[PDB]
Amino acid sequence: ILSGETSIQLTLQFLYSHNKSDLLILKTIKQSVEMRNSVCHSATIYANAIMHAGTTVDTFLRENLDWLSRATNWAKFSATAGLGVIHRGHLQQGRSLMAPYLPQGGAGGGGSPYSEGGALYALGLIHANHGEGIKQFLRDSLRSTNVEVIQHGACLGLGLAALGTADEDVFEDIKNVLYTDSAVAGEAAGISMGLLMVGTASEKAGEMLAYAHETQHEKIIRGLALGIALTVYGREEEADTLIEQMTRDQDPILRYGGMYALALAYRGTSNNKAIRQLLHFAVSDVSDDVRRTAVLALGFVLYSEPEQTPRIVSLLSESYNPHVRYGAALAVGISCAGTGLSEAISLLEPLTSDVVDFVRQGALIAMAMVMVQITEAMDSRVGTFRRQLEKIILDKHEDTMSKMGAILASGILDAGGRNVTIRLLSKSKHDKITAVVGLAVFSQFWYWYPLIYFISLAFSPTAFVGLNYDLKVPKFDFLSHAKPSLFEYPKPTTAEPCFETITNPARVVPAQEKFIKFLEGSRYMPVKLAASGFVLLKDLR
Amino acid sequence: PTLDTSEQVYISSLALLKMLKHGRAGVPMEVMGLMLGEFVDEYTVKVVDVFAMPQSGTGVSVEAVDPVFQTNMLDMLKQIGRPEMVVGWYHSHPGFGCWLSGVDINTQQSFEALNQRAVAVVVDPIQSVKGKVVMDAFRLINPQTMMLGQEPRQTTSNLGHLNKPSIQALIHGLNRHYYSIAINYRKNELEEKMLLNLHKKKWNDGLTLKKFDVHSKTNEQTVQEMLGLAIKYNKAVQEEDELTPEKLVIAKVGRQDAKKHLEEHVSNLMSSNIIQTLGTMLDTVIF
Amino acid sequence: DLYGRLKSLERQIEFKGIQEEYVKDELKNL
Amino acid sequence: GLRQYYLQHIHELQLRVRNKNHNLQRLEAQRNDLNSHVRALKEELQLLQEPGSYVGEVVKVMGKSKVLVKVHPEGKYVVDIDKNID
């Protein structure tokens with residue numbers, strides 16, 4: 001249990017058994033996407049990977065191999081990396097499933113280096129946080145290969161497999177790759193050192209900052225600037241010295257990292273000092289990248305109190321600067337993820353019709369993050385939004401960035417077979433490090449598209465799984481005192497009873513938790529009154 | 001290696017001023033030159049300096065790329081301690097916008113043969129106005145890729161789409177034969193200090209007091225103007241009927257607009273009188 | 001709970017307080 | 001003593017909160033009018049970018065929104081009508 005292997009296996013069984021992903025949506029998107037547009041082709045691969053996250057269903061890729069074989073360079077890297085999101089949590093066969101795409105140590109493996117690098121990144125996504133068996137294999141793969149694309153996938157895979165383990169030996173191996181000054185491997189190395197050292201406040205953050213001043217490669221500076229921001233996770237006042245150094249820097253890319261460092265230092269605290277500094281930089285800086293990030297960073301400071309975020313961001317959404325309006329859309333998307341707040345939806349609606357294509361892209365993604373798992377019976381606006389997404393995807397005259405946003409939004413709405421939600425806070429009100437970090441890396445998809453797969457880390461399964469003394473799942477029934485239509489799955493392509501008696505092992509949305517009651521006289525009684533998650537049952541018979 | 005949209009071009013402030021001045025000099029026709037620097041990486045191209053071209057007597061052609069000239073200039077620049085290698089070339093389209101003609105396109109391949117990463121820049125000296133500089137960079141799209149129906153570049157970054165292209169360029173072959181390059185500006189802090197120093201008025205200029213007689217006569221005239229505007233405005237407020245047409249008022253108002261002139265004149269009168277006040281008396285104290 | 005009404009009221013008031021600097025920033029950038 | 005010591009701050013915080021809200025709203029509206037004006041002005045930049053509009057004088061109208069009016073130097077022609085015209 002403490003290793004997480006049992007909780008992952010039970011989650012994977014739940015996601016496999018309850019997979020209600022609509023393959024017709026993906027078939028429609030595939031037919032509307034022009035075959036020459038590499039961005040829309042990559043967007044459909046990302047949407048497929050998000051829709052089937054942890055369900056092990058690869059049927060769409062198997063049926064469409066002739067369409068996948070048209071992927072070139074980084075689209076082929078992403079195609080292979082997308083298998084890691086689909087097979088997420090499959091710890092035992094994770095190596096055997098990837099074996100055809102892994103670098104075979106003989107001069108006769110006809111793989112493309114993009115597929116081999118993407119397979120190493122896929123292994124890290126499958127074994128995220130649970131790297132004990134694969135850490136050595138990824139280290140040996142990193143040391144054996146001088147190809148930048150394979151090193152890029154190995155670094156990111158190793159950073160995901162070793163997330164928050166503070167392993168010094170993995171740090172020195174990734175640091176040796178950073179000192180090769182390769183523009184693509186160094187961006188991954190920068191992020192991976194940050195992922196390894198999350199929230200340690202190590203003096204090593206000073207070594208990363210020193211190297212960020214020496215390198216001429218903007219990709220390495222950006223990867224290090226985010227990597228430094230990840231080391232500072234959790235640290236509040238201990239971070240202020242390093243944040244003041246990064247924010248007074250001459251380089252706009254280091255100031256951009258300084259805004260993430262402030263966001264990740266003051267995550268979920270709602271601190272007035274941090275909010276005032278972020279709002280100051282959102283207006284005073286000359287760089288639109290710093291301005292966008294300063295507004296986006298408000299979403300990470302304010303997610304503890306999602307009701308305050310629309311009020312603060314409303315004034316920024318009306319700004320003349322499109323980068324600030326984009327940051328405003330994503331700030332609300334991150335803070336209000338899975339809450340369904342009506343104020344947040346009313347603020348995002350105008351931004352979906354913006355003149356600027358990337359503002360529309362941000363608004364569509366943010367709306368999908370807020371509306372994740374919401375039914376048309378709870379809010380009629382979900383039905384209008386799904387028709388709007390379909391319209392944008394079918395239209396030929398729409399901009400490529402707005403289409404990419406609509407495809408990703410459709411993927412996020414139907415994520416994990418409709419059984420996952422984006423959740424920054426645990427039920428215990430602890431910060432989910434993987435979800436905050438996953439969303440902070442995900443927000444950088446403008447510079448590097450393969451970072452889109454980090455959204456998978458922010459997916460929390462919405463399951464009730466009752467377990468016996470032997471850690472097996474018994475069949476038993478429990479009552480929901482709500483109308484079934486509120487917590488139903490959307491219908492496929494073509495007062496009331498309030499005692500929906502579904503099996504205790506079933507999808508339970510956070511809004512449904514208040515209506516769940518155990519039947520007095522059932523064979524199984526919970527040791528603790530918990531309405532969702534893993535609950536141990538006392539057998540009375 | 002596929003050319004990527006995340007590519008960014010840095011042009012020095014000195015380079016910008018050089019292209020702008022040189023273009024203004026030859027605004028009637030088109031003036032061309034070369035940018036000096038290096039290729040920072042596969043995505044980053046930085047530009048430091050340019051030197052203008054002595055142009056042959058043909059105002060519609062750039063066919064006079066003299067190579068003895070470049071060799072001499074490069075050698076002497078090397079003697080400067082500036083061995084920077086030519087990064088690209090610029091030419092001007094006064095009022096014609098940013099775009100590549102058949103002649104420019106031909107020169108572009110002619111130089112691409114030497115270096116596949118050449119950068120062509122177009123500078124509009126005319127539309128480049130106070131506060132907004134009209135300039136763009138372009139490089140050609142390989143015709144073989146176009147005939148294959150493939151996208152000429154891979155886009156991992158959305159920066160290339162930030163600037164909406166000119167419909168002229170869309171008429172002049174944009175994205176069919178060539179593509180645009182997003183432009184940012186690398187600016188040194190010392191350059192900014194000196195630039196701010198430029199607009200700093202002489203600290204004595206506040207000391208230069210206006211002659212009392214002339215200042216008083218301006219006051220007198222402006223006061224009489226306030227009288228005239230006041231009477232006009234009284235008529236305007238009185239003649240105004242219940243159905244006052246705002247559109248007609250905007251088209252034609254009393255004395256252009258008695259209220260607006262009244263406000264501007266009181267503002268200027270106050271400013272002049274009170275600055276004269278400050279001047280005379282801070283002199284009184286300190287002299 | 002009885003002390004919660006005061007603690008929550010203080011939290012919201014403090015959050016709205018930063019709105020002063022927030023607005024002041026735009027009042028100059030605008 | 002709890003009634004006269006702890007709960008007393010609830011009646012105090014709200015008084016300042018109410019005035020801070022109104023002051024912030026007034027300042028925000030003052031800034032918002034200006035921001036909207038600036039956004040408009042930048043919108044007129046492209047407004048003057050689009051082509052102009054020709055002048056028309058319909059000599060004869062036809063049912064189902066058909067129009068044949070007098071072009072200034074050219075003449076007349078058969079066209080349709082707009083979306084919000086009686």
# chains A, B, ... in the order shown; residues from 1 in each chain; ligands from 1

$ interface_residues --of "chain A" --to "chain B" --cutoff "7 Å" --atoms "only C-alpha atoms" --output "MDAnalysis selection string"
chainID A and resid 36:37 39 446:449

$ interface_residues --of "chain D" --to "chain C" --cutoff "12 Å" --atoms "only C-alpha atoms" --output "PDB file with N, CA, C and O atoms, in the first residue's frame"
ATOM      1  N   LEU D   2     -16.076  36.277  26.842  1.00  0.00           N
ATOM      2  CA  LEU D   2     -15.939  35.967  25.422  1.00  0.00           C
ATOM      3  C   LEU D   2     -16.852  36.833  24.564  1.00  0.00           C
ATOM      4  O   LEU D   2     -16.486  37.187  23.437  1.00  0.00           O
ATOM      5  N   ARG D   3     -18.035  37.182  25.073  1.00  0.00           N
ATOM      6  CA  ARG D   3     -18.971  37.976  24.284  1.00  0.00           C
ATOM      7  C   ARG D   3     -18.439  39.383  24.041  1.00  0.00           C
ATOM      8  O   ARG D   3     -18.654  39.959  22.967  1.00  0.00           O
ATOM      9  N   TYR D   5     -15.155  40.306  24.191  1.00  0.00           N
ATOM     10  CA  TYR D   5     -13.746  40.312  23.819  1.00  0.00           C
ATOM     11  C   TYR D   5     -13.511  39.809  22.401  1.00  0.00           C
ATOM     12  O   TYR D   5     -12.854  40.486  21.605  1.00  0.00           O
ATOM     13  N   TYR D   6     -14.035  38.631  22.057  1.00  0.00           N
ATOM     14  CA  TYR D   6     -13.693  38.012  20.780  1.00  0.00           C
ATOM     15  C   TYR D   6     -14.649  38.426  19.666  1.00  0.00           C
ATOM     16  O   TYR D   6     -14.207  38.861  18.598  1.00  0.00           O
ATOM     17  N   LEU D   7     -15.958  38.301  19.894  1.00  0.00           N
ATOM     18  CA  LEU D   7     -16.927  38.594  18.845  1.00  0.00           C
ATOM     19  C   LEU D   7     -16.934  40.064  18.448  1.00  0.00           C
ATOM     20  O   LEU D   7     -17.517  40.410  17.415  1.00  0.00           O
ATOM     21  N   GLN D   8     -16.302  40.933  19.239  1.00  0.00           N
ATOM     22  CA  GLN D   8     -16.329  42.367  18.975  1.00  0.00           C
ATOM     23  C   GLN D   8     -15.665  42.750  17.658  1.00  0.00           C
ATOM     24  O   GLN D   8     -16.015  43.793  17.095  1.00  0.00           O
ATOM     25  N   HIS D   9     -14.725  41.949  17.156  1.00  0.00           N
ATOM     26  CA  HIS D   9     -14.031  42.273  15.916  1.00  0.00           C
ATOM     27  C   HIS D   9     -14.868  42.014  14.673  1.00  0.00           C
ATOM     28  O   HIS D   9     -14.563  42.564  13.608  1.00  0.00           O
ATOM     29  N   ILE D  10     -15.912  41.189  14.779  1.00  0.00           N
ATOM     30  CA  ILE D  10     -16.796  40.968  13.640  1.00  0.00           C
ATOM     31  C   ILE D  10     -17.538  42.248  13.282  1.00  0.00           C
ATOM     32  O   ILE D  10     -17.672  42.586  12.100  1.00  0.00           O
ATOM     33  N   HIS D  11     -18.028  42.979  14.286  1.00  0.00           N
ATOM     34  CA  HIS D  11     -18.729  44.231  14.028  1.00  0.00           C
ATOM     35  C   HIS D  11     -17.787  45.340  13.581  1.00  0.00           C
ATOM     36  O   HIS D  11     -18.256  46.382  13.109  1.00  0.00           O
ATOM     37  N   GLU D  12     -16.476  45.145  13.719  1.00  0.00           N
ATOM     38  CA  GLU D  12     -15.503  46.155  13.326  1.00  0.00           C
ATOM     39  C   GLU D  12     -14.955  45.921  11.923  1.00  0.00           C
ATOM     40  O   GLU D  12     -14.827  46.872  11.143  1.00  0.00           O
ATOM     41  N   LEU D  13     -14.627  44.672  11.585  1.00  0.00           N
ATOM     42  CA  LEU D  13     -14.029  44.393  10.282  1.00  0.00           C
ATOM     43  C   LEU D  13     -14.971  44.745   9.138  1.00  0.00           C
ATOM     44  O   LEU D  13     -14.534  45.307   8.124  1.00  0.00           O
ATOM     45  N   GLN D  14     -16.259  44.425   9.278  1.00  0.00           N
ATOM     46  CA  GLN D  14     -17.219  44.666   8.206  1.00  0.00           C
ATOM     47  C   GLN D  14     -17.357  46.144   7.867  1.00  0.00           C
ATOM     48  O   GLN D  14     -17.565  46.479   6.697  1.00  0.00           O
ATOM     49  N   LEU D  15     -17.264  47.033   8.858  1.00  0.00           N
ATOM     50  CA  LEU D  15     -17.376  48.459   8.573  1.00  0.00           C
ATOM     51  C   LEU D  15     -16.291  48.925   7.612  1.00  0.00           C
ATOM     52  O   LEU D  15     -16.584  49.646   6.650  1.00  0.00           O
ATOM     53  N   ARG D  16     -15.039  48.526   7.848  1.00  0.00           N
ATOM     54  CA  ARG D  16     -13.969  48.884   6.925  1.00  0.00           C
ATOM     55  C   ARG D  16     -14.088  48.128   5.609  1.00  0.00           C
ATOM     56  O   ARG D  16     -13.745  48.671   4.551  1.00  0.00           O
ATOM     57  N   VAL D  17     -14.565  46.882   5.653  1.00  0.00           N
ATOM     58  CA  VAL D  17     -14.717  46.105   4.428  1.00  0.00           C
ATOM     59  C   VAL D  17     -15.701  46.783   3.483  1.00  0.00           C
ATOM     60  O   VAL D  17     -15.469  46.857   2.270  1.00  0.00           O
ATOM     61  N   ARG D  18     -16.815  47.279   4.020  1.00  0.00           N
ATOM     62  CA  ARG D  18     -17.842  47.922   3.208  1.00  0.00           C
ATOM     63  C   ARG D  18     -17.339  49.164   2.486  1.00  0.00           C
ATOM     64  O   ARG D  18     -17.667  49.344   1.308  1.00  0.00           O
ATOM     65  N   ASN D  19     -16.563  50.020   3.147  1.00  0.00           N
ATOM     66  CA  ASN D  19     -15.974  51.183   2.501  1.00  0.00           C
ATOM     67  C   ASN D  19     -14.838  50.838   1.555  1.00  0.00           C
ATOM     68  O   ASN D  19     -14.716  51.474   0.502  1.00  0.00           O
ATOM     69  N   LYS D  20     -14.006  49.850   1.896  1.00  0.00           N
ATOM     70  CA  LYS D  20     -12.970  49.411   0.970  1.00  0.00           C
ATOM     71  C   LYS D  20     -13.573  48.879  -0.321  1.00  0.00           C
ATOM     72  O   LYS D  20     -13.062  49.174  -1.406  1.00  0.00           O
ATOM     73  N   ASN D  21     -14.648  48.093  -0.226  1.00  0.00           N
ATOM     74  CA  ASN D  21     -15.307  47.594  -1.427  1.00  0.00           C
ATOM     75  C   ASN D  21     -15.751  48.738  -2.329  1.00  0.00           C
ATOM     76  O   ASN D  21     -15.495  48.716  -3.538  1.00  0.00           O
ATOM     77  N   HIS D  22     -16.422  49.744  -1.762  1.00  0.00           N
ATOM     78  CA  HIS D  22     -16.919  50.851  -2.574  1.00  0.00           C
ATOM     79  C   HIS D  22     -15.783  51.664  -3.182  1.00  0.00           C
ATOM     80  O   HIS D  22     -15.851  52.032  -4.361  1.00  0.00           O
ATOM     81  N   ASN D  23     -14.740  51.960  -2.403  1.00  0.00           N
ATOM     82  CA  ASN D  23     -13.611  52.702  -2.955  1.00  0.00           C
ATOM     83  C   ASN D  23     -12.929  51.925  -4.074  1.00  0.00           C
ATOM     84  O   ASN D  23     -12.595  52.500  -5.121  1.00  0.00           O
ATOM     85  N   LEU D  24     -12.718  50.623  -3.873  1.00  0.00           N
ATOM     86  CA  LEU D  24     -12.093  49.800  -4.898  1.00  0.00           C
ATOM     87  C   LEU D  24     -12.954  49.748  -6.152  1.00  0.00           C
ATOM     88  O   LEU D  24     -12.437  49.809  -7.269  1.00  0.00           O
ATOM     89  N   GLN D  25     -14.274  49.631  -5.986  1.00  0.00           N
ATOM     90  CA  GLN D  25     -15.163  49.623  -7.141  1.00  0.00           C
ATOM     91  C   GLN D  25     -15.109  50.941  -7.902  1.00  0.00           C
ATOM     92  O   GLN D  25     -15.062  50.941  -9.137  1.00  0.00           O
ATOM     93  N   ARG D  26     -15.115  52.070  -7.189  1.00  0.00           N
ATOM     94  CA  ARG D  26     -15.042  53.361  -7.867  1.00  0.00           C
ATOM     95  C   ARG D  26     -13.736  53.503  -8.639  1.00  0.00           C
ATOM     96  O   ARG D  26     -13.737  53.920  -9.806  1.00  0.00           O
ATOM     97  N   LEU D  27     -12.611  53.153  -8.011  1.00  0.00           N
ATOM     98  CA  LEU D  27     -11.331  53.224  -8.710  1.00  0.00           C
ATOM     99  C   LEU D  27     -11.297  52.276  -9.904  1.00  0.00           C
ATOM    100  O   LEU D  27     -10.788  52.633 -10.974  1.00  0.00           O
ATOM    101  N   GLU D  28     -11.835  51.067  -9.735  1.00  0.00           N
ATOM    102  CA  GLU D  28     -11.866  50.097 -10.820  1.00  0.00           C
ATOM    103  C   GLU D  28     -12.713  50.582 -11.984  1.00  0.00           C
ATOM    104  O   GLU D  28     -12.334  50.382 -13.137  1.00  0.00           O
ATOM    105  N   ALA D  29     -13.859  51.213 -11.712  1.00  0.00           N
ATOM    106  CA  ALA D  29     -14.661  51.767 -12.797  1.00  0.00           C
ATOM    107  C   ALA D  29     -13.964  52.930 -13.489  1.00  0.00           C
ATOM    108  O   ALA D  29     -14.035  53.042 -14.722  1.00  0.00           O
ATOM    109  N   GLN D  30     -13.287  53.793 -12.724  1.00  0.00           N
ATOM    110  CA  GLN D  30     -12.520  54.871 -13.341  1.00  0.00           C
ATOM    111  C   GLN D  30     -11.443  54.317 -14.264  1.00  0.00           C
ATOM    112  O   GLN D  30     -11.231  54.839 -15.363  1.00  0.00           O
ATOM    113  N   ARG D  31     -10.753  53.259 -13.833  1.00  0.00           N
ATOM    114  CA  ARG D  31      -9.730  52.654 -14.682  1.00  0.00           C
ATOM    115  C   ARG D  31     -10.342  51.896 -15.854  1.00  0.00           C
ATOM    116  O   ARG D  31      -9.752  51.850 -16.939  1.00  0.00           O
ATOM    117  N   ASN D  32     -11.524  51.309 -15.659  1.00  0.00           N
ATOM    118  CA  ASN D  32     -12.146  50.499 -16.697  1.00  0.00           C
ATOM    119  C   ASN D  32     -12.674  51.354 -17.834  1.00  0.00           C
ATOM    120  O   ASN D  32     -12.574  50.956 -18.997  1.00  0.00           O
ATOM    121  N   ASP D  33     -13.269  52.507 -17.527  1.00  0.00           N
ATOM    122  CA  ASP D  33     -13.683  53.399 -18.606  1.00  0.00           C
ATOM    123  C   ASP D  33     -12.499  53.757 -19.498  1.00  0.00           C
ATOM    124  O   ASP D  33     -12.599  53.705 -20.731  1.00  0.00           O
ATOM    125  N   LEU D  34     -11.357  54.089 -18.889  1.00  0.00           N
ATOM    126  CA  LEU D  34     -10.165  54.422 -19.664  1.00  0.00           C
ATOM    127  C   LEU D  34      -9.657  53.221 -20.453  1.00  0.00           C
ATOM    128  O   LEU D  34      -9.265  53.358 -21.617  1.00  0.00           O
ATOM    129  N   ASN D  35      -9.629  52.041 -19.828  1.00  0.00           N
ATOM    130  CA  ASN D  35      -9.158  50.851 -20.529  1.00  0.00           C
ATOM    131  C   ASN D  35     -10.040  50.523 -21.723  1.00  0.00           C
ATOM    132  O   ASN D  35      -9.529  50.151 -22.786  1.00  0.00           O
ATOM    133  N   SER D  36     -11.360  50.642 -21.568  1.00  0.00           N
ATOM    134  CA  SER D  36     -12.264  50.445 -22.692  1.00  0.00           C
ATOM    135  C   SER D  36     -12.032  51.483 -23.779  1.00  0.00           C
ATOM    136  O   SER D  36     -12.048  51.146 -24.967  1.00  0.00           O
ATOM    137  N   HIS D  37     -11.832  52.745 -23.397  1.00  0.00           N
ATOM    138  CA  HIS D  37     -11.514  53.759 -24.394  1.00  0.00           C
ATOM    139  C   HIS D  37     -10.260  53.395 -25.177  1.00  0.00           C
ATOM    140  O   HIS D  37     -10.230  53.540 -26.405  1.00  0.00           O
ATOM    141  N   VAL D  38      -9.223  52.923 -24.488  1.00  0.00           N
ATOM    142  CA  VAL D  38      -7.972  52.572 -25.155  1.00  0.00           C
ATOM    143  C   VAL D  38      -8.167  51.367 -26.067  1.00  0.00           C
ATOM    144  O   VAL D  38      -7.643  51.325 -27.187  1.00  0.00           O
ATOM    145  N   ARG D  39      -8.900  50.359 -25.592  1.00  0.00           N
ATOM    146  CA  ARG D  39      -9.174  49.193 -26.423  1.00  0.00           C
ATOM    147  C   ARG D  39      -9.925  49.590 -27.686  1.00  0.00           C
ATOM    148  O   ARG D  39      -9.576  49.152 -28.785  1.00  0.00           O
TER     149      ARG D  39
END

$ residues_around --residues "residue B:21" --least-positions-apart "6" --cutoff "10 Å" --atoms "only C-alpha atoms" --output "list in words"
residues 15, 27 and 125 of chain B

$ write_last_selection --atoms "C-alpha atoms" --output "compact mmCIF listing (two decimals), in the first residue's frame"
# COMPACT_ATOMS: atom_id res chain seq x y z
CA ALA B 15 20.86 47.98 -36.37
CA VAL B 27 12.83 56.55 -49.37
CA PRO B 125 10.69 53.82 -43.50

$ closest_residue --among "A:195, A:35, A:15, A:274" --to "chain C" --atoms "only C-alpha atoms"
A:274

$ interface_residues --of "chain A" --to "chain D" --cutoff "12 Å" --atoms "only C-alpha atoms" --output "ChimeraX atom specification"
/A:311-312,314-322,355

$ write_last_selection --atoms "N, CA and C atoms" --output "PDB file, in the first residue's frame"
ATOM      1  N   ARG A 311     -13.142  37.229  -9.167  1.00  0.00           N
ATOM      2  CA  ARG A 311     -13.257  38.636  -8.746  1.00  0.00           C
ATOM      3  C   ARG A 311     -11.980  39.428  -9.015  1.00  0.00           C
ATOM      4  N   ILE A 312     -10.817  38.846  -8.715  1.00  0.00           N
ATOM      5  CA  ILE A 312      -9.509  39.485  -8.933  1.00  0.00           C
ATOM      6  C   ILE A 312      -9.178  39.535 -10.431  1.00  0.00           C
ATOM      7  N   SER A 314     -11.248  39.300 -13.110  1.00  0.00           N
ATOM      8  CA  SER A 314     -12.232  40.005 -13.945  1.00  0.00           C
ATOM      9  C   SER A 314     -11.670  41.291 -14.564  1.00  0.00           C
ATOM     10  N   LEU A 315     -10.999  42.128 -13.766  1.00  0.00           N
ATOM     11  CA  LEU A 315     -10.373  43.369 -14.240  1.00  0.00           C
ATOM     12  C   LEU A 315      -9.250  43.133 -15.268  1.00  0.00           C
ATOM     13  N   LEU A 316      -8.522  42.018 -15.150  1.00  0.00           N
ATOM     14  CA  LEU A 316      -7.421  41.663 -16.052  1.00  0.00           C
ATOM     15  C   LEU A 316      -7.931  41.068 -17.371  1.00  0.00           C
ATOM     16  N   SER A 317      -9.102  40.429 -17.350  1.00  0.00           N
ATOM     17  CA  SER A 317      -9.749  39.853 -18.534  1.00  0.00           C
ATOM     18  C   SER A 317     -10.205  40.910 -19.551  1.00  0.00           C
ATOM     19  N   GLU A 318     -10.454  42.141 -19.094  1.00  0.00           N
ATOM     20  CA  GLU A 318     -10.841  43.287 -19.929  1.00  0.00           C
ATOM     21  C   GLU A 318      -9.635  44.078 -20.467  1.00  0.00           C
ATOM     22  N   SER A 319      -8.412  43.674 -20.116  1.00  0.00           N
ATOM     23  CA  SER A 319      -7.204  44.385 -20.533  1.00  0.00           C
ATOM     24  C   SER A 319      -6.996  44.351 -22.053  1.00  0.00           C
ATOM     25  N   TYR A 320      -6.404  45.416 -22.604  1.00  0.00           N
ATOM     26  CA  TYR A 320      -6.082  45.485 -24.037  1.00  0.00           C
ATOM     27  C   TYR A 320      -5.040  44.435 -24.461  1.00  0.00           C
ATOM     28  N   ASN A 321      -4.166  44.008 -23.540  1.00  0.00           N
ATOM     29  CA  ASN A 321      -3.085  43.075 -23.842  1.00  0.00           C
ATOM     30  C   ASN A 321      -3.614  41.630 -23.962  1.00  0.00           C
ATOM     31  N   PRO A 322      -3.509  40.985 -25.139  1.00  0.00           N
ATOM     32  CA  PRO A 322      -3.971  39.611 -25.314  1.00  0.00           C
ATOM     33  C   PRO A 322      -3.250  38.583 -24.424  1.00  0.00           C
ATOM     34  N   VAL A 355     -11.191  38.060 -30.298  1.00  0.00           N
ATOM     35  CA  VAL A 355     -10.615  38.306 -31.629  1.00  0.00           C
ATOM     36  C   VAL A 355      -9.309  37.524 -31.813  1.00  0.00           C
TER      37      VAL A 355
END

$ select_by_dssp --residues "stretch 315-375 of chain A" --states "helix (DSSP H, G or I)" --output "PyMOL selection string"
chain A and resi 315-317+322-335+342-352+357-370

$ closest_residue --among "B:195, B:11, B:229, B:167" --to "chain D" --atoms "only C-alpha atoms"
B:167

$ interface_residues --of "chain D" --to "chain B" --cutoff "12 Å" --atoms "only C-alpha atoms" --output "PyMOL selection string"
chain D and resi 46+49-50
